[PDB]
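Overview (structure and organization)
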Amino acid sequence: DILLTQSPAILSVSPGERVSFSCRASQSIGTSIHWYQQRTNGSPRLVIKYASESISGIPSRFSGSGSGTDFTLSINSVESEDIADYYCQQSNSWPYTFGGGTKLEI
Amino acid sequence: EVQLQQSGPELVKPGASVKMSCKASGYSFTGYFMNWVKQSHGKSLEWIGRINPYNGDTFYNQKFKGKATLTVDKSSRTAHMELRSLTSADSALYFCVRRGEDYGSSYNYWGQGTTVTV
Amino acid sequence: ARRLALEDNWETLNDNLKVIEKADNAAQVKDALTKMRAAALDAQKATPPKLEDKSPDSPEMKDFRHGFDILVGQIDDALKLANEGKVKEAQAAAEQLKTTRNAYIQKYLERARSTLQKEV
Amino acid sequence: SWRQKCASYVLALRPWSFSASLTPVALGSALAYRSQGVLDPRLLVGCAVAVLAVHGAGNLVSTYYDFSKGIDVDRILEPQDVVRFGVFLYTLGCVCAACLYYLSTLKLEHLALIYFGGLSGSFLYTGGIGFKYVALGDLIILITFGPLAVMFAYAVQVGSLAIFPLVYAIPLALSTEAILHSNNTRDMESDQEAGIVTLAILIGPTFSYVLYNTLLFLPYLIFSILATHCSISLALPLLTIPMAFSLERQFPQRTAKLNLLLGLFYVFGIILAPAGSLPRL
Amino acid sequence: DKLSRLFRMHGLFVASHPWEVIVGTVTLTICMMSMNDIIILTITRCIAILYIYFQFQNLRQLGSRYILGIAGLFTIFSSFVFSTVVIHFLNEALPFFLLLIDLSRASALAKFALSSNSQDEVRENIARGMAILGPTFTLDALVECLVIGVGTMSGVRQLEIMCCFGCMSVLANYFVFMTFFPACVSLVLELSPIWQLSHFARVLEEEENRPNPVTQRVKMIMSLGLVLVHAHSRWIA
Ligand SMILES: CC(C)CCC[C@@H](C)[C@H]1CC[C@H]2[C@H]3CC=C4C[C@@H](OC(=O)CCC(=O)O)CC[C@]4(C)[C@H]3CC[C@]12C
Ligand SMILES: CC(C)CCC[C@@H](C)[C@H]1CC[C@H]2[C@H]3CC=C4C[C@@H](OC(=O)CCC(=O)O)CC[C@]4(C)[C@H]3CC[C@]12C
Ligand SMILES: CC(C)CCC[C@@H](C)[C@H]1CC[C@H]2[C@H]3CC=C4C[C@@H](OC(=O)CCC(=O)O)CC[C@]4(C)[C@H]3CC[C@]12C
Ligand SMILES: CC(C)CCC[C@@H](C)[C@H]1CC[C@H]2[C@H]3CC=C4C[C@@H](OC(=O)CCC(=O)O)CC[C@]4(C)[C@H]3CC[C@]12C
Ligand SMILES: CC(C)CCC[C@@H](C)[C@H]1CC[C@H]2[C@H]3CC=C4C[C@@H](OC(=O)CCC(=O)O)CC[C@]4(C)[C@H]3CC[C@]12C
Ligand SMILES: CC(C)CCC[C@@H](C)[C@H]1CC[C@H]2[C@H]3CC=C4C[C@@H](OC(=O)CCC(=O)O)CC[C@]4(C)[C@H]3CC[C@]12C
């Protein structure tokens, strides 16, 4: 079980400003991370796959970066549709383990 | 356009068994795996396991080896999961989730959530 | 033949440990310890495949040699402890041999064997 | 992108793929050149692709079985990507075979007989073996896929079937078995724990050691016979025997490489032979 | 889905009317028949009987009599109809026949029928078995017949005869399993509920009767290729 960790627990932001999360792994997992966005009373909705490759249908503000152990997802200009919980998942070794969750706020 | 329709909420008693259906419609059912994820209270996603629909070759997570056994219904396009010997800790949402269409995609298509209550 | 010989030596070492564990007489144990002496001295020459690129004047090689030295040391202790017919203390020495084996030898041996097969 | 799937195209290859696919075809064309005296560039590439396709398609049959226990590059693989790739490869093979028929002067009944009967005759008796008895049923594929690739390559060039191209391809048939057996040896404990059965598990640790040496040292005896009795040129593969001794002492990257050297020197032996110095040419 | 339903209908139709179909089949065979180098054979006849006995001893493990009795009755009629056809298209051919006979699929369909619990349920079980084992066997009987059939155009006489026996073996073997056998297995269990194979078989059946997809897709391409080889060799050439 590759234990994943995440570093603001609750992130307080303002509309327009840039934000950044940090899914720091315990082991070296190559470039295998996946960032899901779960809103209130909804399902997880894939945003970035393998730490950098954007998903067709997602707004362009979602941009992933980093490799090796430290990974970072960042949004440039948050809207009313970005207030949600963000989990990171490794698909490198089995079982696949999720992060903790980074919640947004106004 | 793939959708994974899922069963409704289930109220049960401790020690019972429950069965959840994920009616996968919109694609060749026997081509992809059918994974399962448990979202407990406190918002912590855990991977239960997977099942190959063609054979029925399951492959579980070592934590969920005892109390979660996946089966498949190839006739009606329905993947099942049976939770046995329930306790207060197993009240959670359960998603069915499969991979993207092409190679080198991660899990796009999720279900909707079966709100199990003990 | 190296990995095969290594495997044989290791298995015969377990076999010797087991016959010592199930022994009731003196002469058997008295020959077993000399067989262990022989097996250990044969395995001492058998250098690990993991440490081939480095010269024998490295700390790890001295540690490997010292590990084998503390094995044979306890075998020698078992000789001078069991030559008068007392097998219980020799058994206890064999039990401590397991601990030092698992401490260095077995960890290293289970590494050398793994390394050897991979190249071939 | 193309690279993320180029990393997926290594899924249909094994360490013994070069020795089983491409070395036979190269030998067969050398035989055809040494026998008849005219060689075709186009047919060589066609044969080279037609054989690799059928080999790769057969490797994916074994790849699909590795989803049973969870024995399975750095991407999430599903059992649709294997099926789609196996189908594509085999279709590529058949298209290459059709183009070879059109270009060459071989009769269609014989080209079908070899290609569909021999090369693609594996698929008939696999599917029922299960994930345990794959490695055991693979010896039988490697014994027959080697000589038939040499004949296929030879026949397409010359324009009729022969019998000697099977006899000339015994050394290359044995050298590939050495790689497969040596690979099965190191995975003995893991396959035994997982419930898998191979030859090396069935016969034991020491009989494996005898079999490995037999398969390693027979080719050199065959070349030693052919060198002194038939043609002095065909002693060129005996320049690798110091490596074979090193391999016998250290007991599959080294084995796989030895096969490549043996195969190369064997082909260069066949080419450099004097006119009418080799049997049945 | 569409083929499974069709084979279901066939299975149920044959299972429902045993007496008429078996008489019709035998009558047809009567109307067919009564209308009008040692070393190679030795090695072939030595290996073939070993293969048959291996398969019988594999069947022996189940621990039931009726499965052996039914598997035995399939063999006799397949061997009989092959003898009829091989006489009509002309002792020494049996070594190649006994290699191509498929007793696993004959046993499987019987095991489906033996897991029943009532005389009405047996027929529905035969139909359910037929639906799973119909397409899988038809495709194999197609491929193997075409693949052996390509050798009858080669030129070599021994091979041209050895392949002809193989083709007529596979076809006569398939026809029996489709027509005669399901009626026979229905009728034997009809005239005789002391058959315990439920709890063991009812889990493994639907996983076992699944071949490899990578094989089953390649067989269709091979089938489609061989049809062109044949079609081009016969008519156009
Ligand atoms: C190996 C398997 C797939 C069986 C092979 C089946 C063949 C009998 C078929 C496949 C495609 C066929 C055709 C390939 C091309 C020619 C020439 C073509 O007409 C041309 O002159 C065009 C030539 C060109 O420019 O490519 C008409 C059909 C014909 C005679 C056919 C000959 C027989 C072929 C090779
Ligand atoms: C060149 C040609 C003519 C050689 C003939 C090739 C096959 C008929 C042979 C090669 C290996 C054989 C056997 C090797 C040992 C096993 C176990 C045997 O019986 C079992 O134990 C059942 C287990 C299972 O298959 O799951 C059935 C499959 C298999 C692969 C056999 C099936 C027939 C096989 C594939
Ligand atoms: C290898 C080739 C020659 C045949 C491969 C396919 C057949 C084994 C199967 C496929 C569907 C079958 C069925 C197609 C439709 C007819 C008519 C029909 O007969 C009835 O029972 C009357 C209608 C009814 O009451 O259902 C159903 C079964 C039957 C005889 C079957 C005949 C055999 C068929 C063609
Ligand atoms: C005799 C002449 C005048 C007419 C030719 C008709 C038939 C010989 C053809 C028509 C449709 C064919 C197919 C009908 C369905 C089967 C099963 C089918 O499905 C599978 O088995 C796929 C694999 C699987 O599902 O396990 C594949 C083609 C096949 C073998 C074919 C067998 C031969 C058939 C009956
Ligand atoms: C599409 C569906 C219906 C399946 C097709 C498979 C078979 C029903 C066909 C395809 C080609 C056929 C033929 C292949 C070559 C001939 C030669 C022919 O002549 C001889 O061998 C000498 C004896 C004589 O003079 O008849 C006898 C029938 C036979 C073996 C046929 C057997 C049945 C075969 C294999
Ligand atoms: C389970 C398997 C191994 C048994 C079924 C495979 C047989 C159908 C095959 C294996 C090798 C074959 C060949 C064995 C040797 C002979 C003689 C051989 O020599 C010639 O007659 C040359 C003729 C010419 O020059 O054209 C040609 C092929 C032939 C008839 C073949 C007959 C059929 C055989 C026995």
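Conventions adopted
Residues numbered from 1 in each chain as written, not as in the entry; some residues may be left out. Chains lettered and ligands numbered in written order. Heavy atoms only, no water. Pairing = 2+ DSSP bridges. Helix = DSSP H or I, 4+ residues; strand = E, 2+ residues; numbered from the N terminus. Contact = heavy atoms within 4.5 Å. Buried area = accessible area lost by both parts, 1.4 Å probe. Salt bridge = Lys/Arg side-chain N within 4 Å of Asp/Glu carboxyl O. Polar contact = N/O pair within 3.5 Å; in protein donor to acceptor, adjacent residues only side chain to side chain. Disulfide = S-S within 2.5 Å. UniProt positions renumbered as here; feature names shortened; annotations may be inferred. Buried < 20%, exposed > 50% of the residue type's maximum accessible area, 1.4 Å probe, protein only.

Going by the PDB entry, chain E carries the name 3-hydroxy-3-methylglutaryl-coenzyme A reductase and comes from Cricetulus griseus. Here the entry title, as the record gives it, is "HMGCR-UBIAD1 Complex State 1".

Under the PDB entry, chain D has the name UbiA prenyltransferase domain-containing protein 1 and belongs to Cricetulus griseus.

What follows covers the sheet that holds strand 9 (residues 92-98) of chain B. All names here are of chain B. Pairing in this open sheet of five strands is antiparallel, and the strands run 6-5-4-9-10 from one edge to the other. Here the strands that pair on one side only, and so sit at the sheet edges, are strand 6 (58-60) and strand 10 (109-110). As defined by bridge partners, strand 4 (residues 35-40) adjoins strand 9 across six bridges and the pair is classed as antiparallel. Its bridge partner lying in strand 9, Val37 is registered against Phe95.

Attention now moves to the interface of chain B and chain A. The interface is formed by 20 residues belonging to chain B together with 17 residues belonging to chain A. Regarding the contact of chain B and chain A, the summed buried area is about 1600 Å², with carbon and sulfur atoms giving 60% of it. Broken down residue by residue, the surface that chain B buries against chain A is led by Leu45, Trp47 and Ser106 of chain B, which jointly contribute 33%. Scanning the region where chain B abuts chain A turns up zero salt bridges. Here chain B is connected to chain A by three residue pairs in polar contact. The set of elements that each furnish at least two residues to the side of chain B that touches chain A consists of strand 4, strand 5 (44-51) and strand 6 of chain B.

The next point concerns the state of the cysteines. All names here are of chain A. Going through the model one piece at a time under the given rule, you end up with two disulfides over all chains. Across the disulfide from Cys23 sits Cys88; the S-S distance is 2.0 Å. Handedness of the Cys23-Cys88 disulfide follows from its S-S torsion of about 75°: it is right-handed. On the criterion of sequence distance, the pair formed by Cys23 in strand 3 (residues 23-25) and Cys88 in strand 9 (residues 85-89) is long-range, its members being 65 residues apart.

What follows concerns the UniProt feature "transmembrane region" (unreviewed entry) in chain D. Residue and element names in this part refer to chain D. This chain's UniProt record puts "transmembrane region" (unreviewed entry) on residues 43-65, 85-104, 110-126, 133-156, 162-182, 194-212, 218-245 and 258-278. This span, residues 194-212, is 74% helix and 0% strand, and a straight line between its end C-alpha atoms measures 24 Å. Counting secondary structure, residues 258-278 comes out at 71% helix and 0% strand; the distance between its end C-alpha atoms is 25 Å.

The next point concerns the side chain of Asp140 of chain E. The residue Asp140 of chain E is located in helix 7 (residues 119-149) in this model. Ignoring any residue separated from it by four or fewer positions in sequence, one finds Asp140 of chain E in contact with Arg105, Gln216 and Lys219 of chain E.

Moving on, we get to the pairing of strand 9 of chain B. Residues and elements named next belong to chain B. Counting buried positions over the seven residues of strand 9 gives six, a clear majority of the element. The pairing of strand 9 with strand 10 spans two bridges and is classified as antiparallel. Along strand 10, the bridge assignment pairs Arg98 with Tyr109.

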